[PDB]
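Taking it in order: structure first as structure tokens, then the write-up.
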Amino acid sequence: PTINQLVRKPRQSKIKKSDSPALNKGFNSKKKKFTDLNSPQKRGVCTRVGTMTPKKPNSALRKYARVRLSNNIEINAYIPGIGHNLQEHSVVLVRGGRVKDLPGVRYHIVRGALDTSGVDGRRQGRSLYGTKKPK
Amino acid sequence: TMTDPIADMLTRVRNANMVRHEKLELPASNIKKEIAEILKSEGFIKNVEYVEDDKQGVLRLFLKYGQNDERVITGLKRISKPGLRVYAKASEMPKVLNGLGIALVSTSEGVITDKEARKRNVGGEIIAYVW
RNA sequence: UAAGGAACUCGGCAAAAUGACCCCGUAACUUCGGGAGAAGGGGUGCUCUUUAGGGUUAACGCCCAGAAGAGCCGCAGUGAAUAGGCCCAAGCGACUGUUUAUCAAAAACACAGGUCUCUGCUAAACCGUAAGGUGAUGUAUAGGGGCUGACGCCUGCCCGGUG
RNA sequence: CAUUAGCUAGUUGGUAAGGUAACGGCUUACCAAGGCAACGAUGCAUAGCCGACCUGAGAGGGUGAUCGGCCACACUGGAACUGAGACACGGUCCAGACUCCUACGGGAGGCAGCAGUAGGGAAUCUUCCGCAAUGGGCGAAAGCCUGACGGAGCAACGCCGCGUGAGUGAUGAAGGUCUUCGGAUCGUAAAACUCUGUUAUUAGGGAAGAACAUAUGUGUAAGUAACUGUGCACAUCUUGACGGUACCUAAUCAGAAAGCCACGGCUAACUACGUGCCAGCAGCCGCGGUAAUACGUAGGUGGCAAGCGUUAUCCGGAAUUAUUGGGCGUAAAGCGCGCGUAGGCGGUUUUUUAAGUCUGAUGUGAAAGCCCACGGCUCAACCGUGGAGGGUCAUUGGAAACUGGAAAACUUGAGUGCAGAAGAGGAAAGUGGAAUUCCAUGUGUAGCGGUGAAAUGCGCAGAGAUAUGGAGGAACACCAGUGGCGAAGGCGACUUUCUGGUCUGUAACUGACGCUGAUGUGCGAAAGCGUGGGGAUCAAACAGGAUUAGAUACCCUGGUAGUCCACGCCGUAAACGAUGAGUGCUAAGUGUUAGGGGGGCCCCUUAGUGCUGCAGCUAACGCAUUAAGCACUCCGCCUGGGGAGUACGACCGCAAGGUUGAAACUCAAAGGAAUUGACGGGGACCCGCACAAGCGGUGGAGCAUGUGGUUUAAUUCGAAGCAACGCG
RNA sequence: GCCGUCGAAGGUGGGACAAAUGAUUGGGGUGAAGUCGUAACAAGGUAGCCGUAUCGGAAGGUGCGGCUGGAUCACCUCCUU
């Protein structure tokens, strides 16, 4: 635009909508209010453990878990790895990162953490997927 | 309506130079007179002729071209525009094409070039870029 | 009339409660008029100080009203009589009005507004056996009859039958 | 944040009085009606502010941990007392909510001080030592207090530095992994000899931080009658939490000291095995369906390394808000068009001013930070010094070109005057001719009408046709054209009356009076609505009759609103040149409309309207003096596709509905131009036993054969449209 | 000691705003190659699109106005060589 049009109407940049919104909100049990926190991870309770069919191009039974976080927020989280020991009423640690196939899963359950075991036979890539150094 | 007579002058030179016209005429003004004589002394145009008519006399400019019809003037750019004026200090005077082109600066010492303007250590309005 | 306050009852029937004046506040909803006194709060006695106001005027004086203070007294000061209970929501009817004098006042009848139809003027329609009238000393923007019933949005399909 | 537009009533000013350290509606009376606001009053939400930190080439963008400056707060809320200073974190009174004691009448408490506990959370530490130094309070001082502070404890939380070994040594042992079975690779890697002690262990030394204060003496100065005493000058004595801690010196040992992630492309690093669209991987492109360098594992490789990855958030890359540094013909984007207000911008000359602009000088922009230099820790991190830098800064000189202000002057811009020109420009009222429909008659006889074929339908109660006449409504053939006029929408029969705009020529007048234009205010095709008229034709819808498998459609027959008029309302269109307005410049050629001047013709020229076409622009198509080129001013608009022009709110409207206008959620595309094919019930030209003329055959029966199916002990396996089925 | 001006907390009342929840009810998005038609892209079976109104199980069709972001065809009109 012209300089005068810019002076009257300064340029407005676009706002950035962030992924993993449920990690950006805290809770205050005393005031019954939601806060803004920007947490790396959040801890929740598994209210449902099951398996989800993936998007159309792919075909594989993917394990997931419905997790109610520390907030009053109920999200769906992926379970990386082969074997998992999670049933209902399991405390998990949930990080960011979505699954492309699974529609409605925007988070990942951290393996090898509070009440979540690692992958039994993992030998290369043990930082991810939990599990300690064999021998 | 007409808002920038100087920008009209540079565009007249730009348009005539593009089609390699040997000469052009434009309504004259004191500041437009000086810019023509700055371009003459800097070797961008051949000659400046100022003809006295009754009203706003005529400025005749004879453009210069080189051996293989090489347009001596490559481009013209109005810097200070009526919608947004540009003023520069002597310390931040711009160097057009690393000194291979002149910037027309109107200072308290008259309409001069950017090279010796740093010599007088004065600033003014950056009229146009000629390279 | 102790305490309770619709537990009575078919139903708050009856009774109780508000009520005057002054000041402040008043929502949804609306056809923009209203709703509305909506709701909901506060004051009113007496004496003194003070001192605006305009009314008749020659002025005294006579009337009728204001404001600010300082007191006084009772349980209570529109100290008696007279003077709206209110709010939320459904039907029904637009409304003011009129009806069974003497068991029914309403949701029934009117209504303003619509529509259909008839009627050309000795009009149609009506009272009379007729003469005479009404309509009207009116003339299709008038008159009679049917139906519906402010306003807003609308009013589908069927002409076999019957008129 | 405008989907927060009107906010206040001590409010705003004045006059008095009071009280405040002090001015002041600070408070109170009385006057007046004032005050702020699209330059965003008010309201809502959010937030301590800054030096500074992160990022970026810069412009910018994000942030406000530790350190320093300011502010505010001390369980929540009011108030004052003492005091120089408080309306007071470890002070007082009251109220409240809690927690505790009580002989029930009454009492006590406040870690957002340092530690520490419970709780919340993904997440953040010792209930330590000392006043040895620096600072603070009090005291003449010695001293006392100091959870300030100086130090220790814990945490890879970060930055920096050093390690975990080196020289020679077969890139051959033995072992893994592949293998083309020959070998290759781990690999100088390993033994193997020498070698060091950074580290570690033990066993001896062992700083600085210490300057003091006081006390003691010694002189000096001032004041002294004099002395004490005080200030100053000197030298003596003293003391350390850290701490026997840095650090150094001897022996001793390669011994006690590496892991994490990747290896499909972006992007450095490939093989084998397992699995087989499963298990699983994934930031995107995507991988995985018996031969994955993409999944899991094993070797090897590569990147880093006491760290390595993942997640969370910011900047960059992103020119993806484009001031630097983008666009709006077809990709997103020019408001449907005028009239116009604020604002923004503005023709030439002279004089002046100096607000901007430029150039100095002062004061300040604290310190700590960034950068540069220098010095000290063995280097570095770190520390300390000196510069530099940092402002829309304030005061004060100087310059006068430009922008701004003031005073003069000028016509080219813009307007007015005069002489001409054309026009379906608009409004009102009249006047016509052709045609359609209907009606009345005369003639007239069996059909009319319509389709691809029909039929519904109109007729025999005389239709259609033909002739005459009448009634009524609507529109104006020929003229008529890349013609004209209008801002756009739009405007065609003729006449008259009002009335708008435009063009040409002249140069008589004014001397910049101009452009654009948010809000605003008007106009604005059709359709639609209200009221009252009118109603010929055509007709949404509605009825039929057909076609189709169905046909609430195209075809036919009728037919209502509407189509017409007068008032209002509506305010939308592919309202398009899909192209904002103004100004100037930049090759040509050839038309047409309306004028002018020169020599029917030629030349020149002004304003429109067209078609080719240069430079130039564009992704291409294309535009091109009627730009989409080159420039300047102003406004409107856009920031991936859906959700969606949808909520919701507001405003407008009788209604239909119009304007403004999101989000949750979802995908990695959506889209423009052009290219190659393929498809067209999509046409023109040709060919072909394709059609026609045909002579001249099957599908009915019995048998044979091959199949399918059934059945069987098995009825062996293949062929399944043309191109399997008397096929192998 | 009394009372009186201000006065926190509290009480009463009518409004404003914001979240949550509510029988039931609307459109959207996704999915399993579920059923009826075939509306647009080829003149897409009847050019399309825009505005508008009225009807229809549904895409839509039709009525009026406008555009080419339409074929072929009959030719304009210029250009053109």
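So the sequences go chain by chain: l and h. The first sequence begins at 2 in PDB author numbering and counts up by one. The second sequence begins at 2 in PDB author numbering and counts up by one. Heads up, the beta-carbon is just placed ideally off N, CA and C, and yes, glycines get one too.
With DSSP run on the structure shown, which of helix, strand or coil describes residue i?
i, result
"h/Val-73", "coil"
"l/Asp-37", "strand"
"l/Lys-56", "coil"
"h/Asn-99", "helix"
"h/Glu-23", "coil"
"h/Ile-36", "helix"
"h/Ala-29", "coil"
"l/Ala-23", "helix"
"l/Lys-133", "coil"
"l/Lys-43", "strand"
Between the Cα of residue i and the Cα atoms of the options, which residue gives the shortest distance?
i, options, result
"l/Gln-88", "l/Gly-122, l/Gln-42, l/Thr-52, l/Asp-102", "l/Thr-52"
"l/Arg-96", "l/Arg-63, l/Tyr-130, l/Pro-2, l/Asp-102", "l/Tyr-130"
"h/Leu-62", "h/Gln-68, h/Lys-78, h/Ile-39", "h/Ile-39"
"h/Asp-55", "h/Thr-4, h/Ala-29, h/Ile-46", "h/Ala-29"
"h/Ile-7", "h/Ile-103, h/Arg-79, h/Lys-47, h/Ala-104", "h/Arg-79"
"l/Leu-103", "l/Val-92, l/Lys-56, l/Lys-17", "l/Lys-56"
"l/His-90", "l/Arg-44, l/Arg-12, l/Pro-2, l/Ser-60", "l/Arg-44"
"l/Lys-26", "l/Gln-42, l/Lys-15, l/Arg-12", "l/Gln-42"
"l/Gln-6", "h/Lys-41, h/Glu-50, h/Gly-84", "h/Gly-84"
"l/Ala-66", "l/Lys-33, l/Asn-72, l/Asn-59, l/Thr-48", "l/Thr-48"
"h/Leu-60", "h/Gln-68, h/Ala-37, h/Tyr-130, h/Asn-69", "h/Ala-37"
"l/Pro-11", "l/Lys-18, l/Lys-17, l/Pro-2", "l/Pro-2"
"h/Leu-98", "h/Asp-5, h/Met-19, h/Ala-118, h/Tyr-130", "h/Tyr-130"
"h/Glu-53", "h/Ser-109, h/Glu-26, h/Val-14, h/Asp-9", "h/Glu-26"
If residue i and residue j are in contact, beta carbons under 8 Å, what's the gap, nearest whole angstrom?
i, j, result
"h/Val-106", "h/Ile-74", "h/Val-106 to h/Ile-74, Cβ: 18 Å. No contact."
"residue 142 of chain l", "l/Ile-110", "Residue 142 of chain l falls outside the range modelled here, since chain l spans only 2 to 136, and no answer is possible."
"h/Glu-43", "h/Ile-103", "5 Å"
"residue 137 of chain l", "l/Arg-99", "The structure shown does not extend to residue 137 of chain l, since chain l is modelled only from 2 to 136, so the question has no answer here."
"l/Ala-23", "l/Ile-74", "5 Å"
"h/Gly-76", "h/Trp-132", "6 Å"
"h/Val-123", "h/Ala-91", "6 Å"
"h/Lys-65", "h/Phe-45", "7 Å"
Between which two residues does the alpha helix (DSSP H) carrying residue i extend?
i, result
"h/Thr-12", "6-19"
How is the beta strand (DSSP E) around residue i delimited, first residue to last?
i, result
"l/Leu-7", "Looking at the DSSP string, l/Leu-7 is not in any beta strand (DSSP E); the run it does join, the alpha helix (DSSP H), is 4-9."
"residue 133 of chain h", "As shown, chain h starts at 2 and ends at 132. That puts residue 133 of chain h outside it, with no answer to give."
"h/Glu-50", "46-52"
"l/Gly-119", "First-last for l/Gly-119: undefined, no H or E at that position."
"residue 1 of chain l", "The requested residue 1 of chain l is not part of the displayed model; chain l covers only 2 to 136."
"residue 144 of chain l", "Residue 144 of chain l cannot be examined here, being either before or after the span of chain l that is shown, 2 to 136."
Per the DSSP calculation, residue i is bridged to which residue(s)?
i, result
"l/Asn-77", "l/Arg-67"
"h/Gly-111", "h/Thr-108"
"h/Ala-129", "h/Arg-79, h/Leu-105"
"h/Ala-89", "h/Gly-125"
"h/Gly-58", "h/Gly-58 pairs with nothing; no bridge assigned."
"l/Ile-83", "Answer is none; l/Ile-83 lacks a bridge partner."
"l/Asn-29", "l/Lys-34"
"l/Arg-96", "l/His-109"
"h/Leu-64", "h/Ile-46"
"l/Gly-51", "l/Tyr-65"
What do you reckon, is the C-beta of residue i under 6 Å from a heavy atom of the ligand MN?
i, result
"h/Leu-101", "Absence of the ligand MN from the depicted structure is noted, as is the absence of any ligand whatsoever, leaving it without description."
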